[PDB]
>>> print(open('entry_37.pdb').read())   # PDB, C-alpha atoms
ATOM      1  CA  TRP A 452       0.000   0.000   0.000
ATOM      2  CA  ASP A 453       3.072   2.259  -0.048
ATOM      3  CA  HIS A 454       4.353   1.127  -3.460
ATOM      4  CA  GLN A 455       0.887   1.484  -5.002
ATOM      5  CA  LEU A 456       0.683   5.071  -3.748
ATOM      6  CA  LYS A 457       4.223   5.758  -4.977
ATOM      7  CA  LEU A 458       3.085   4.616  -8.424
ATOM      8  CA  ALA A 459      -0.230   6.502  -8.194
ATOM      9  CA  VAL A 460       1.683   9.724  -7.532
ATOM     10  CA  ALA A 461       3.294   9.373 -10.967
ATOM     11  CA  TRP A 462       0.078   8.323 -12.733
ATOM     12  CA  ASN A 463      -1.531  11.784 -12.457
ATOM     13  CA  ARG A 464      -4.831   9.886 -12.178
ATOM     14  CA  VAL A 465      -6.857  10.449  -9.015
ATOM     15  CA  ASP A 466      -9.725   8.010  -9.536
ATOM     16  CA  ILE A 467      -7.328   5.070  -9.836
ATOM     17  CA  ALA A 468      -5.564   6.214  -6.661
ATOM     18  CA  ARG A 469      -8.980   6.248  -4.979
ATOM     19  CA  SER A 470     -10.784   3.261  -6.480
ATOM     20  CA  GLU A 471      -8.776   0.267  -5.180
ATOM     21  CA  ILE A 472      -5.929   1.367  -2.897
ATOM     22  CA  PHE A 473      -8.219   3.522  -0.763
ATOM     23  CA  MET A 474     -11.312   1.284  -0.737
ATOM     24  CA  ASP A 475      -9.724  -1.745   0.974
ATOM     25  CA  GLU A 476      -8.572  -2.001   4.602
ATOM     26  CA  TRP A 477      -5.979   0.783   4.607
ATOM     27  CA  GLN A 478      -3.622   0.570   7.588
ATOM     28  CA  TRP A 479      -3.768   4.179   8.735
ATOM     29  CA  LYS A 480      -0.470   4.887  10.606
ATOM     30  CA  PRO A 481      -0.557   8.307   8.918
ATOM     31  CA  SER A 482       3.234   8.680   8.883
ATOM     32  CA  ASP A 483       3.225   6.584   5.685
ATOM     33  CA  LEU A 484       1.944   9.435   3.524
ATOM     34  CA  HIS A 485       4.575  12.007   4.563
ATOM     35  CA  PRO A 486       7.069  10.716   1.940
ATOM     36  CA  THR A 487       4.091  10.699  -0.462
ATOM     37  CA  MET A 488       2.644  14.025   0.710
ATOM     38  CA  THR A 489       6.052  15.577   0.029
ATOM     39  CA  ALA A 490       6.108  14.212  -3.532
ATOM     40  CA  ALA A 491       2.545  15.406  -4.139
ATOM     41  CA  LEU A 492       3.363  18.889  -2.812
ATOM     42  CA  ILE A 493       6.563  19.156  -4.864
ATOM     43  CA  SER A 494       5.127  17.947  -8.169
ATOM     44  CA  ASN A 495       1.915  20.032  -7.950
ATOM     45  CA  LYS A 496      -0.141  17.906  -8.586
ATOM     46  CA  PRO A 497      -2.345  19.994  -6.246
ATOM     47  CA  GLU A 498      -5.282  17.595  -6.430
ATOM     48  CA  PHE A 499      -3.703  14.718  -4.465
ATOM     49  CA  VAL A 500      -3.313  17.160  -1.572
ATOM     50  CA  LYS A 501      -7.059  17.244  -0.934
ATOM     51  CA  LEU A 502      -7.331  13.460  -1.365
ATOM     52  CA  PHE A 503      -4.746  12.987   1.363
ATOM     53  CA  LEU A 504      -6.596  15.520   3.532
ATOM     54  CA  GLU A 505      -9.739  13.361   3.604
ATOM     55  CA  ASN A 506      -7.550  10.461   4.804
ATOM     56  CA  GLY A 507      -6.523  12.157   8.051
ATOM     57  CA  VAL A 508      -3.203  13.675   6.971
ATOM     58  CA  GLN A 509      -3.244  16.563   9.440
ATOM     59  CA  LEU A 510      -0.851  19.334   8.442
ATOM     60  CA  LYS A 511      -0.266  20.536  12.014
ATOM     61  CA  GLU A 512       2.163  17.711  12.849
ATOM     62  CA  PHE A 513       3.042  16.734   9.271
ATOM     63  CA  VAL A 514       5.143  19.866   8.675
ATOM     64  CA  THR A 515       8.435  19.279  10.458
ATOM     65  CA  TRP A 516      11.555  21.439  10.392
ATOM     66  CA  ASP A 517      13.468  18.965   8.214
ATOM     67  CA  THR A 518      10.475  18.412   5.915
ATOM     68  CA  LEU A 519      10.263  22.138   5.172
ATOM     69  CA  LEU A 520      14.048  22.347   4.830
ATOM     70  CA  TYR A 521      13.834  19.613   2.178
ATOM     71  CA  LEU A 522      10.823  21.305   0.540
ATOM     72  CA  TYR A 523      12.592  24.664   0.170
ATOM     73  CA  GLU A 524      15.480  22.913  -1.615
ATOM     74  CA  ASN A 525      13.087  21.747  -4.376
ATOM     75  CA  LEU A 526      11.585  25.022  -5.555
ATOM     76  CA  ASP A 527      10.520  25.532  -9.155
TER      77      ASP A 527
ATOM     78  CA  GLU B  77      -6.084 -21.591  39.024
ATOM     79  CA  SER B  78      -7.418 -22.740  35.661
ATOM     80  CA  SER B  79      -6.521 -26.237  34.483
ATOM     81  CA  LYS B  80      -6.048 -25.092  30.871
ATOM     82  CA  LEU B  81      -3.054 -22.758  30.743
ATOM     83  CA  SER B  82      -3.442 -19.847  28.342
ATOM     84  CA  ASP B  83      -1.008 -18.989  25.543
ATOM     85  CA  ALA B  84       1.833 -17.312  27.486
ATOM     86  CA  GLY B  85      -0.745 -16.721  30.237
ATOM     87  CA  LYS B  86      -0.266 -19.905  32.251
ATOM     88  CA  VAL B  87      -0.395 -17.845  35.476
ATOM     89  CA  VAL B  88      -4.134 -17.166  35.295
ATOM     90  CA  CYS B  89      -6.755 -18.043  37.921
ATOM     91  CA  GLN B  90      -9.469 -18.600  35.297
ATOM     92  CA  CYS B  91      -9.493 -14.854  34.622
ATOM     93  CA  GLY B  92      -5.839 -13.743  34.894
ATOM     94  CA  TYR B  93      -6.369 -10.021  34.359
ATOM     95  CA  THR B  94      -3.189  -8.437  35.795
ATOM     96  CA  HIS B  95      -1.384 -10.681  38.312
ATOM     97  CA  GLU B  96       0.098 -14.134  38.766
ATOM     98  CA  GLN B  97      -3.510 -14.927  39.738
ATOM     99  CA  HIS B  98      -6.932 -13.457  38.924
ATOM    100  CA  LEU B  99      -6.889 -10.765  41.591
ATOM    101  CA  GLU B 100      -5.986  -7.087  41.982
ATOM    102  CA  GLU B 101      -5.179  -7.558  45.686
ATOM    103  CA  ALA B 102      -3.661 -10.194  47.971
ATOM    104  CA  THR B 103      -4.663 -13.706  46.862
ATOM    105  CA  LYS B 104      -5.604 -14.742  50.388
ATOM    106  CA  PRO B 105      -7.313 -18.081  51.087
ATOM    107  CA  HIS B 106     -10.278 -16.114  52.522
ATOM    108  CA  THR B 107     -10.953 -19.018  54.928
ATOM    109  CA  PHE B 108     -12.242 -21.023  51.946
ATOM    110  CA  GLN B 109     -10.249 -21.949  48.827
ATOM    111  CA  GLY B 110     -13.342 -22.866  46.844
ATOM    112  CA  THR B 111     -12.472 -24.632  43.604
ATOM    113  CA  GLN B 112     -14.214 -23.165  40.543
ATOM    114  CA  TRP B 113     -15.105 -19.926  42.297
ATOM    115  CA  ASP B 114     -18.571 -18.699  41.367
ATOM    116  CA  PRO B 115     -18.610 -15.283  39.636
ATOM    117  CA  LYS B 116     -21.482 -14.183  41.887
ATOM    118  CA  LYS B 117     -19.546 -15.084  45.050
ATOM    119  CA  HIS B 118     -15.946 -14.353  44.020
ATOM    120  CA  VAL B 119     -16.274 -11.213  41.886
ATOM    121  CA  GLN B 120     -17.128  -8.035  43.803
ATOM    122  CA  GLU B 121     -17.717  -4.397  42.889
ATOM    123  CA  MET B 122     -15.310  -1.501  43.435
ATOM    124  CA  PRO B 123     -16.052   2.152  42.630
ATOM    125  CA  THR B 124     -14.923   3.266  39.182
ATOM    126  CA  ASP B 125     -12.075   5.672  38.466
ATOM    127  CA  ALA B 126     -11.276   4.838  34.808
ATOM    128  CA  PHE B 127     -13.522   7.597  33.413
ATOM    129  CA  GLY B 128     -12.424  10.722  31.550
ATOM    130  CA  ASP B 129     -11.681  11.665  27.939
ATOM    131  CA  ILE B 130      -9.452  10.294  25.172
ATOM    132  CA  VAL B 131      -7.562  11.881  22.286
ATOM    133  CA  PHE B 132      -5.992   9.605  19.683
ATOM    134  CA  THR B 133      -2.290  10.343  19.211
ATOM    135  CA  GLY B 134      -2.097  11.963  15.782
ATOM    136  CA  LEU B 135      -5.063  10.162  14.215
ATOM    137  CA  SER B 136      -7.538  12.949  15.048
ATOM    138  CA  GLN B 137      -7.758  16.264  16.904
ATOM    139  CA  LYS B 138     -11.173  16.183  18.620
ATOM    140  CA  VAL B 139     -11.903  14.847  22.106
ATOM    141  CA  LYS B 140     -13.976  11.741  22.833
ATOM    142  CA  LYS B 141     -15.788  10.754  26.023
ATOM    143  CA  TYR B 142     -15.564   7.300  27.579
ATOM    144  CA  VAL B 143     -16.825   5.646  30.767
ATOM    145  CA  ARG B 144     -16.043   2.221  32.227
ATOM    146  CA  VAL B 145     -19.248   0.688  33.587
ATOM    147  CA  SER B 146     -20.137  -2.426  35.571
ATOM    148  CA  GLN B 147     -21.788  -5.527  34.138
ATOM    149  CA  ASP B 148     -24.984  -4.853  36.117
ATOM    150  CA  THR B 149     -25.906  -1.160  36.219
ATOM    151  CA  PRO B 150     -29.349   0.488  36.157
ATOM    152  CA  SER B 151     -29.951   2.217  32.837
ATOM    153  CA  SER B 152     -31.326   5.298  34.618
ATOM    154  CA  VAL B 153     -27.880   6.140  36.018
ATOM    155  CA  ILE B 154     -26.234   5.765  32.603
ATOM    156  CA  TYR B 155     -28.908   7.874  30.905
ATOM    157  CA  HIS B 156     -28.638  10.590  33.559
ATOM    158  CA  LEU B 157     -24.863  10.602  33.071
ATOM    159  CA  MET B 158     -25.037  10.949  29.289
ATOM    160  CA  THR B 159     -27.718  13.652  29.497
ATOM    161  CA  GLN B 160     -26.465  15.873  32.328
ATOM    162  CA  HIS B 161     -22.723  15.214  32.594
ATOM    163  CA  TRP B 162     -22.158  14.727  28.842
ATOM    164  CA  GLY B 163     -24.392  17.420  27.317
ATOM    165  CA  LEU B 164     -26.378  15.130  25.010
ATOM    166  CA  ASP B 165     -30.013  15.985  24.306
ATOM    167  CA  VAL B 166     -32.857  13.505  23.818
ATOM    168  CA  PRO B 167     -32.541  11.761  20.421
ATOM    169  CA  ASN B 168     -35.118  11.227  17.680
ATOM    170  CA  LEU B 169     -34.099   7.841  16.221
ATOM    171  CA  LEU B 170     -32.168   4.933  17.755
ATOM    172  CA  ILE B 171     -30.555   2.796  15.039
ATOM    173  CA  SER B 172     -28.325  -0.052  16.248
ATOM    174  CA  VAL B 173     -25.996  -1.478  13.588
ATOM    175  CA  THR B 174     -24.299  -4.820  14.219
ATOM    176  CA  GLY B 175     -22.443  -7.325  12.088
ATOM    177  CA  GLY B 176     -19.323  -9.389  11.595
ATOM    178  CA  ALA B 177     -16.240  -7.944  13.275
ATOM    179  CA  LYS B 178     -13.181 -10.068  12.465
ATOM    180  CA  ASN B 179     -14.177 -11.988   9.300
ATOM    181  CA  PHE B 180     -16.346  -9.736   7.128
ATOM    182  CA  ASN B 181     -16.383  -9.752   3.321
ATOM    183  CA  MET B 182     -18.481  -7.285   1.341
ATOM    184  CA  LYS B 183     -19.427  -6.649  -2.272
ATOM    185  CA  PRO B 184     -19.115  -3.120  -3.730
ATOM    186  CA  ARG B 185     -22.899  -2.800  -4.015
ATOM    187  CA  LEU B 186     -23.033  -3.687  -0.314
ATOM    188  CA  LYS B 187     -20.405  -1.039   0.468
ATOM    189  CA  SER B 188     -22.251   1.681  -1.457
ATOM    190  CA  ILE B 189     -25.436   1.328   0.586
ATOM    191  CA  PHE B 190     -23.528   1.927   3.829
ATOM    192  CA  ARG B 191     -21.651   4.756   2.115
ATOM    193  CA  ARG B 192     -24.912   6.547   1.287
ATOM    194  CA  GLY B 193     -28.137   5.516   2.997
ATOM    195  CA  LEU B 194     -26.954   5.138   6.583
ATOM    196  CA  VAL B 195     -25.409   8.608   6.387
ATOM    197  CA  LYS B 196     -28.611  10.042   4.904
ATOM    198  CA  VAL B 197     -30.769   8.558   7.669
ATOM    199  CA  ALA B 198     -28.267   9.689  10.314
ATOM    200  CA  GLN B 199     -27.930  13.322   9.240
ATOM    201  CA  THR B 200     -31.612  14.223   8.736
ATOM    202  CA  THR B 201     -33.460  12.818  11.760
ATOM    203  CA  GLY B 202     -30.516  13.450  14.090
ATOM    204  CA  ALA B 203     -30.427   9.754  14.928
ATOM    205  CA  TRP B 204     -28.173   8.010  17.469
ATOM    206  CA  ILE B 205     -25.728   5.560  15.885
ATOM    207  CA  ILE B 206     -25.131   2.912  18.571
ATOM    208  CA  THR B 207     -22.842  -0.028  17.815
ATOM    209  CA  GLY B 208     -19.877  -1.982  19.108
ATOM    210  CA  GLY B 209     -16.577  -0.218  19.646
ATOM    211  CA  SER B 210     -13.740  -2.014  17.869
ATOM    212  CA  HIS B 211     -11.291  -1.532  15.011
ATOM    213  CA  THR B 212     -12.584  -4.283  12.681
ATOM    214  CA  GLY B 213     -15.390  -4.745  10.218
ATOM    215  CA  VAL B 214     -18.844  -3.274   9.705
ATOM    216  CA  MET B 215     -18.251  -0.836  12.553
ATOM    217  CA  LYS B 216     -15.144   0.313  10.670
ATOM    218  CA  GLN B 217     -17.339   0.925   7.625
ATOM    219  CA  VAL B 218     -19.723   2.891   9.861
ATOM    220  CA  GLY B 219     -16.818   4.905  11.266
ATOM    221  CA  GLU B 220     -15.425   5.788   7.853
ATOM    222  CA  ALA B 221     -18.908   6.622   6.527
ATOM    223  CA  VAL B 222     -19.452   8.947   9.494
ATOM    224  CA  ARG B 223     -16.030  10.640   9.361
ATOM    225  CA  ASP B 224     -16.092  11.311   5.615
ATOM    226  CA  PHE B 225     -19.495  13.002   5.848
ATOM    227  CA  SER B 226     -18.233  15.275   8.627
TER     228      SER B 226
END
>>> encode(input="entry_37.pdb", output="structure tokens")
Amino acid sequence: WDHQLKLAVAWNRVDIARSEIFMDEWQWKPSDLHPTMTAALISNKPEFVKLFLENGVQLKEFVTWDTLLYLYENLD
Amino acid sequence: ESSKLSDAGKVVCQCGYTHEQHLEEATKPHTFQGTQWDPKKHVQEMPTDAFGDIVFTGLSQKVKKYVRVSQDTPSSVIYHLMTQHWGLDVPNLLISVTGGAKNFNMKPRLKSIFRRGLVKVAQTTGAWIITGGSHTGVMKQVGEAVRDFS
């Protein structure tokens, strides 16, 4: 369920990312999506951001110091 | 002491909750070491202190109420608690959903009806969704169908 989301990031297709790998028993442990939330934020790809927001990816503890340091090194 | 030892719980006196035996105090003979202690005679009642609130670590941000209650408790006390001390008004509909917890398999048409109709009946009449509290199965479908609507 991490490799499928890694692939779905590159597909640029939301309904496939929703239709199978978010309809089964998804093990929450929301720290999984941080490496995927970062890729979605960088690529922009703004639509996956909302999709991850329905799945409990709270931004208040997602944004760490090192995560933002890495984000600012990947500007356009 | 139970004849059948549990898996890694061989030190269990037929209940083995938290001790070498099934007791939260001294395992005294009590002047009678009655084999196969009756639950009515052995088990007693202590006042509760395990009440309060819970917040899930990182999964959510809201607060949830919880109360540990005895096996035998008058429903008037529980209702008075949830009305006065919990700030819950009288409901309009009481729907109780129950189903398979550990081994549940569902078809997509089955999943859609929970995704839609239960939410529609819950959000109009202001019903009271009462069910079992666990992390598996139809109650998980109910939980996801109630969080995604909110």
>>> closest_residue(input="entry_37.pdb", among="B:135, B:88, B:173, B:122", to="chain A", atoms="all atoms listed in the file")
B:135
>>> resolve_selection(input="entry_37.pdb", expression="the PyMOL selection byres ((chain A and resi 521-523) around 12)", output="list in words")
residues 485, 486, 488, 489, 490, 491, 492, 493, 494, 514, 515, 516, 517, 518, 519, 520, 524, 525, 526 and 527 of chain A
>>> interface_residues(input="entry_37.pdb", of="chain A", to="chain B", cutoff="12 Å", atoms="all atoms listed in the file", output="ChimeraX atom specification")
/A:470-471,473-482,502,504-513
>>> write_last_selection(input="entry_37.pdb", atoms="C-alpha atoms", output="short mmCIF file (atom, residue, chain, number, x, y, z; two decimals), keeping the file's coordinate frame")
data_model
loop_
_atom_site.label_atom_id
_atom_site.label_comp_id
_atom_site.auth_asym_id
_atom_site.auth_seq_id
_atom_site.Cartn_x
_atom_site.Cartn_y
_atom_site.Cartn_z
CA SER A 470 -10.78 3.26 -6.48
CA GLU A 471 -8.78 0.27 -5.18
CA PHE A 473 -8.22 3.52 -0.76
CA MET A 474 -11.31 1.28 -0.74
CA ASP A 475 -9.72 -1.74 0.97
CA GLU A 476 -8.57 -2.00 4.60
CA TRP A 477 -5.98 0.78 4.61
CA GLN A 478 -3.62 0.57 7.59
CA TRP A 479 -3.77 4.18 8.74
CA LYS A 480 -0.47 4.89 10.61
CA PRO A 481 -0.56 8.31 8.92
CA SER A 482 3.23 8.68 8.88
CA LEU A 502 -7.33 13.46 -1.36
CA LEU A 504 -6.60 15.52 3.53
CA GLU A 505 -9.74 13.36 3.60
CA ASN A 506 -7.55 10.46 4.80
CA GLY A 507 -6.52 12.16 8.05
CA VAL A 508 -3.20 13.68 6.97
CA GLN A 509 -3.24 16.56 9.44
CA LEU A 510 -0.85 19.33 8.44
CA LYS A 511 -0.27 20.54 12.01
CA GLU A 512 2.16 17.71 12.85
CA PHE A 513 3.04 16.73 9.27
#
>>> resolve_selection(input="entry_37.pdb", expression="the PyMOL selection byres ((chain B and resi 170) around 9)", output="count of residues only")
9
>>> atom_distance(input="entry_37.pdb", atom1="atom CA of residue 500 of chain A", atom2="atom CA of residue 454 of chain A")
17.9 Å
>>> atom_distance(input="entry_37.pdb", atom1="atom CA of residue 82 of chain B", atom2="atom CA of residue 126 of chain B")
26.7 Å
>>> build_atoms(input="entry_37.pdb", residues="segment 152-166 of chain B", atoms="N, CA, C and O atoms", output="mmCIF file, in the coordinates of the input")
data_model
loop_
_atom_site.group_PDB
_atom_site.id
_atom_site.type_symbol
_atom_site.label_atom_id
_atom_site.label_comp_id
_atom_site.auth_asym_id
_atom_site.auth_seq_id
_atom_site.Cartn_x
_atom_site.Cartn_y
_atom_site.Cartn_z
ATOM 1 N N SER B 152 -31.011 3.923 34.242
ATOM 2 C CA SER B 152 -31.326 5.298 34.618
ATOM 3 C C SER B 152 -30.065 6.084 34.948
ATOM 4 O O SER B 152 -29.934 7.251 34.562
ATOM 5 N N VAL B 153 -29.123 5.460 35.660
ATOM 6 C CA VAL B 153 -27.880 6.140 36.018
ATOM 7 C C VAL B 153 -27.082 6.483 34.764
ATOM 8 O O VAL B 153 -26.566 7.598 34.620
ATOM 9 N N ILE B 154 -26.977 5.529 33.837
ATOM 10 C CA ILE B 154 -26.234 5.765 32.603
ATOM 11 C C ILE B 154 -26.886 6.873 31.787
ATOM 12 O O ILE B 154 -26.200 7.754 31.248
ATOM 13 N N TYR B 155 -28.217 6.844 31.672
ATOM 14 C CA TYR B 155 -28.908 7.874 30.905
ATOM 15 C C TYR B 155 -28.742 9.248 31.543
ATOM 16 O O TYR B 155 -28.510 10.240 30.842
ATOM 17 N N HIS B 156 -28.862 9.326 32.872
ATOM 18 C CA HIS B 156 -28.638 10.590 33.559
ATOM 19 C C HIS B 156 -27.223 11.098 33.331
ATOM 20 O O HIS B 156 -27.024 12.300 33.125
ATOM 21 N N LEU B 157 -26.235 10.201 33.357
ATOM 22 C CA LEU B 157 -24.863 10.602 33.071
ATOM 23 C C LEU B 157 -24.751 11.201 31.675
ATOM 24 O O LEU B 157 -24.253 12.321 31.508
ATOM 25 N N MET B 158 -25.247 10.486 30.660
ATOM 26 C CA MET B 158 -25.037 10.949 29.289
ATOM 27 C C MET B 158 -25.854 12.198 28.983
ATOM 28 O O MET B 158 -25.510 12.946 28.061
ATOM 29 N N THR B 159 -26.931 12.445 29.732
ATOM 30 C CA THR B 159 -27.718 13.652 29.497
ATOM 31 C C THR B 159 -27.135 14.856 30.230
ATOM 32 O O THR B 159 -26.883 15.901 29.621
ATOM 33 N N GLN B 160 -26.915 14.731 31.540
ATOM 34 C CA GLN B 160 -26.465 15.873 32.328
ATOM 35 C C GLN B 160 -24.961 16.091 32.193
ATOM 36 O O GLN B 160 -24.512 17.178 31.813
ATOM 37 N N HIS B 161 -24.168 15.067 32.501
ATOM 38 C CA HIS B 161 -22.723 15.214 32.594
ATOM 39 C C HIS B 161 -22.017 15.093 31.250
ATOM 40 O O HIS B 161 -20.795 15.261 31.194
ATOM 41 N N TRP B 162 -22.748 14.807 30.170
ATOM 42 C CA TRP B 162 -22.158 14.727 28.842
ATOM 43 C C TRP B 162 -22.753 15.704 27.839
ATOM 44 O O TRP B 162 -22.231 15.803 26.724
ATOM 45 N N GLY B 163 -23.815 16.423 28.197
ATOM 46 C CA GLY B 163 -24.392 17.420 27.317
ATOM 47 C C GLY B 163 -24.988 16.862 26.042
ATOM 48 O O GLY B 163 -24.790 17.425 24.961
ATOM 49 N N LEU B 164 -25.718 15.755 26.150
ATOM 50 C CA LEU B 164 -26.378 15.130 25.010
ATOM 51 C C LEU B 164 -27.884 15.226 25.207
ATOM 52 O O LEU B 164 -28.408 14.781 26.235
ATOM 53 N N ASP B 165 -28.573 15.803 24.226
ATOM 54 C CA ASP B 165 -30.013 15.985 24.306
ATOM 55 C C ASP B 165 -30.736 14.684 23.962
ATOM 56 O O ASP B 165 -30.129 13.690 23.554
ATOM 57 N N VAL B 166 -32.052 14.690 24.137
ATOM 58 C CA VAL B 166 -32.857 13.505 23.818
ATOM 59 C C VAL B 166 -32.813 13.257 22.314
ATOM 60 O O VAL B 166 -32.920 14.216 21.526
#
